[PDB]
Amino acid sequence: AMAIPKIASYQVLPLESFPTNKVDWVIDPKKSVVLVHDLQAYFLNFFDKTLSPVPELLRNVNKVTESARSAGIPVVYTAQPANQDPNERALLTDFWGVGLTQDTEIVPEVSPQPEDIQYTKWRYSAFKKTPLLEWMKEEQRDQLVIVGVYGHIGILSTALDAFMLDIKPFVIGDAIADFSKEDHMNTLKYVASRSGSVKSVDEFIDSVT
């Protein structure tokens, strides 16, 4: 089993470097949901939080959720629970060990508001073992705007599952972070060419206001 590495700091990808979208979907405030993916103390503490990309990530997540709430867009947070039953954790243990035992709280900078939804996360994808798919169908919302960590792992897997489940995923390039700038960029490149749309925080704000 690997440990999540001590993540070396890196610069947030310039907006000019975002990969070009193959699809021309537009974020619709009537049909979208914002997903704040696993922004727990445990996952973010693997970085030096005073250094890029973490301060930009947290301020940009706040920019996304504030404009989402003002446009009546539901905000959903995912969080892994502490001391996962080995039978429930299953194959994750083989790669990553027993998982978090503490620091499960969402970081205070992006703390959920009373009206926000909070789901217990069990796999890379936010759709596995959660009510996300059925709840989005109930809400008649078919667009998922994704922010959080880590790009090539949970963000990628959630975007792939959304796309295959007929939900349009929009990954916010300047509102995610990863193990490195290369992993972060490669996540955006894969999504834009094979599984969804890559947008900036300003493009999200512009589309929903």
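Start at 1 and count along the sequence shown; that's the residue number.
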Higher avg CA temperature factor (1-9 vs 200-208, as deposited) belongs to 1-9
Comparing 151-159 with 58-66, where is the mean C-alpha B-factor higher?
58-66
Please pick out which of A71, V76, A79, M136 has the largest Cα B-factor as recorded in the entry.
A71
Among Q113, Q118, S125, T130, single out the one with the highest C-alpha B factor in the record, please.
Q113
Sorting the chain's modelled residues by C-alpha B-factor, tell me whether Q140 ends up in the lowest, middle or highest third.
lowest
Assert third(CA B-factor, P29) within chain per record equals highest
Going by the recorded CA B-factors, say which third of the chain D38 sits in, lowest, middle or highest.
lowest
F170 - which third its CA temperature factor falls in, relative to the rest of the chain
lowest
Ordered by C-alpha B-factor within the chain, which third holds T187? Give me lowest, middle or highest, please.
middle
